[PDB]
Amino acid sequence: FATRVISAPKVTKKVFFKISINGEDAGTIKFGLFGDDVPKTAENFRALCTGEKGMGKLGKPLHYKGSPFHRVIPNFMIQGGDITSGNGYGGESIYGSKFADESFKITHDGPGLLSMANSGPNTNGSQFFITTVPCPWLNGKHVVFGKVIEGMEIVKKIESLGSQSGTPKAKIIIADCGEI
């Protein structure tokens, strides 16, 4: 017996980041994941939040805890999730290697969307970005899989610490993370 009329992917799992900036607590971002529509991508992100898969194949934890927001661009997006080298050139999915683009059905229509960073077709790992504006030119190239449901103010604060090139002007860390 259906009862809702939703104009968006349904949120099926909720996760969070606790953010530190230059070593100080900056608040919590909460995310809703679109697990009915992109389950493999949603499940990857969820498991990296909890750390429950333990160690990956590259000698590093399959866990977002401690990873930085390494590229931060005002009026575009903020990007993080390098859990291997922790500097923006690495990352690892829970599936053992990069994984395929699951679906491009969900587009970059607005700010606050969670989407996979990549290095071309079918190269999803752990790195992600959060949009701060509509990014339609990224449609068909990046898999959207969730959205900010609380703490968009924190995303905007992070965004304000970036630069046009993306080099951050502060050290922004996922100090803790998990599933709600």
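Each residue number is its position in the shown sequence, starting from 1.
- If you average the C-alpha B-factors over 132 to 140 and over 22 to 30, the higher value belongs to 22 to 30.
- Averaged over their C-alpha atoms, the temperature factors of 104 to 112 and 69 to 77 are higher for 104 to 112.
- Among the modelled residues of its chain, residue 57 has a C-alpha B-factor that falls in the middle third, as given in the PDB entry.
- Residue 48 sits in the lowest third of its chain by CA B factor, as recorded in the PDB entry.
- Ranked against the other modelled residues of its chain, the C-alpha B-factor of residue 149 as given in the entry falls in the lowest third.
- Per the deposited record, the Cα B-factor of residue 5 falls in the middle third when ranked against the other modelled residues of its chain.
- Looking at the C-alpha B-factors along this chain, the one for residue 121 belongs to the highest third.
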